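Student: First the structure, which I've put down as structure tokens, then a few questions once you've had a look.
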Amino acid sequence: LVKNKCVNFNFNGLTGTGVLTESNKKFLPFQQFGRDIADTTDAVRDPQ
Amino acid sequence: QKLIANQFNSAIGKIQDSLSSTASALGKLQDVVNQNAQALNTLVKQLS
Ligand SMILES: *[C@@H]1O[C@H](CO)[C@@H](O[C@@H]2O[C@H](CO)[C@@H](O)[C@H](O)[C@H]2NC(C)=O)[C@H](O)[C@H]1NC(C)=O
Ligand SMILES: *[C@@H]1O[C@H](CO)[C@@H](O)[C@H](O)[C@H]1NC(C)=O
């Protein structure tokens, strides 16, 4: 995993291009992907 | 002249209150801004 640098990511089959950063967002145990106003995925939970 | 001085200088005096105490004063301009921020915001939701 690479943080804070522009990368080409695949998380649980979700693919894209982003800058992976840490976050304080708190997902309920059953939630996996967060989404934005534009529905483009804002926040994911590192699976491992 | 003196009578007009008092009437003029007092007239400018009233503008301050009518501006500061009433939010609808600029309602033309505040709408011109609230149209773009409304049109762009909607243009982002279209991504959903
Ligand atoms: C014309 O009107 C003005 C006010 O609109 C008069 O000036 C006022 O006169 C009274 C005295 O009765 C004062 O108490 C006010 O302070 C005055 N106001 C101002 C702004 O000066 C003026 O006297 C009137 N002139 C005539 C000829 O009637
Ligand atoms: C994956 O393995 C690493 C060590 O190999 C371990 O630290 C991690 O907890 C594992 N993944 C998960 C989701 O626990």
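Note on naming: chains are A, B, ... as they come in the structure tokens, residues start from 1 per chain, ligands start from 1 in the order shown.
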Between chain B and chain A, at 12 Å or less, what are the per-residue closest atom pairs and their distances in Å? Count only C-alpha atoms, order by chain and rising residue number, and return it as a Markdown table.
Tutor:
```
| residue | atom | partner | partner_atom | distance |
| --- | --- | --- | --- | --- |
| B:41 | CA | A:37 | CA | 9.8 |
| B:42 | CA | A:38 | CA | 10.3 |
| B:43 | CA | A:38 | CA | 9.7 |
| B:44 | CA | A:38 | CA | 6.3 |
| B:45 | CA | A:38 | CA | 5.6 |
| B:46 | CA | A:38 | CA | 7.3 |
| B:47 | CA | A:38 | CA | 5.0 |
| B:48 | CA | A:38 | CA | 4.9 |
```
Student: Save the residues we just selected, N, CA and C atoms, as a short mmCIF file (atom, residue, chain, number, x, y, z; two decimals), in the first residue's frame?
Tutor:
```cif
data_model
loop_
_atom_site.label_atom_id
_atom_site.label_comp_id
_atom_site.auth_asym_id
_atom_site.auth_seq_id
_atom_site.Cartn_x
_atom_site.Cartn_y
_atom_site.Cartn_z
N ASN B 41 -23.59 23.82 -8.38
CA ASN B 41 -23.91 22.73 -7.46
C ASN B 41 -24.80 21.69 -8.11
N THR B 42 -25.80 22.12 -8.88
CA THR B 42 -26.63 21.15 -9.57
C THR B 42 -25.83 20.41 -10.63
N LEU B 43 -24.89 21.08 -11.27
CA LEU B 43 -24.10 20.43 -12.29
C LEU B 43 -23.18 19.36 -11.72
N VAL B 44 -22.85 19.44 -10.44
CA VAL B 44 -22.08 18.37 -9.82
C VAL B 44 -22.97 17.21 -9.44
N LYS B 45 -24.16 17.48 -8.91
CA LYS B 45 -25.07 16.38 -8.58
C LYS B 45 -25.43 15.55 -9.80
N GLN B 46 -25.36 16.13 -10.99
CA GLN B 46 -25.65 15.38 -12.20
C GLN B 46 -24.74 14.18 -12.36
N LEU B 47 -23.56 14.19 -11.75
CA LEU B 47 -22.68 13.04 -11.83
C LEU B 47 -23.26 11.81 -11.15
N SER B 48 -24.30 11.97 -10.36
CA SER B 48 -24.88 10.87 -9.61
C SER B 48 -25.96 10.13 -10.36
#
```
Student: Return as a list in words the full set of residues in chain A whose backbone-based DSSP assignment is strand (DSSP E).
Tutor: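 Result set for chain A (strand (DSSP E)): residues 6, 7, 8, 9, 10, 11, 14, 15, 16, 17, 18, 19, 33, 34, 35, 41, 42, 43 and 44 of chain A.
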Student: Produce a file of the selected residues containing C-alpha atoms, as a tab-separated table (two decimals), in the first residue's frame.
Tutor:
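selection32.tsv, written as the output of this step:
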```tsv
chain	number	residue	atom	x	y	z
A	6	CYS	CA	-0.87	9.50	-6.75
A	7	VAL	CA	-1.47	5.80	-7.41
A	8	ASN	CA	-3.56	3.44	-9.51
A	9	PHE	CA	-5.56	1.42	-7.02
A	10	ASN	CA	-7.60	-1.77	-6.93
A	11	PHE	CA	-9.53	-2.26	-3.68
A	14	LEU	CA	-13.03	-1.23	-7.21
A	15	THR	CA	-10.49	0.45	-9.47
A	16	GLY	CA	-9.54	4.01	-10.25
A	17	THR	CA	-6.84	6.58	-9.68
A	18	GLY	CA	-6.47	8.41	-6.42
A	19	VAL	CA	-4.27	9.69	-3.64
A	33	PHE	CA	-17.20	1.88	0.55
A	34	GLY	CA	-18.05	5.48	1.20
A	35	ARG	CA	-19.48	7.65	-1.53
A	41	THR	CA	-16.16	6.62	-4.28
A	42	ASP	CA	-14.62	8.92	-1.70
A	43	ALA	CA	-13.54	6.53	1.04
A	44	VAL	CA	-12.81	2.81	1.22
```
Student: May I ask you to write as a ChimeraX atom specification all residues lying at most 9 Å from ligand 2, with only C-alpha atoms and all ligand atoms counted?
Tutor: /A:46-48
Student: Per DSSP on the backbone, what are the alpha helix (DSSP H) residues of chain B, as a PyMOL selection string?
Tutor: chain B and resi 2-20+27-45
Student: To check your reading of the model: which residues sit at most 9 Å from ligand 1 when counting only C-alpha atoms and all ligand atoms? Write the answer as number ranges by chain.
Tutor: B: 2-8, 10
Student: Do you have the CA of residue 9 (chain B)-CA of residue 21 (chain B) distance handy?
Tutor: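 If I compute the distance from CA of residue 9 (chain B) to CA of residue 21 (chain B), I get 19.3 Å.
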Student: Any idea what the distance is between CA of residue 45 (chain A) and CA of residue 3 (chain A)?
Tutor: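 That distance, rounded to one decimal, is 13.5 Å.
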Student: One number please: CA of residue 20 (chain A) to CA of residue 4 (chain A), in Å, one decimal.
Tutor: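 CA of residue 4 (chain A) lies 5.4 Å from CA of residue 20 (chain A).
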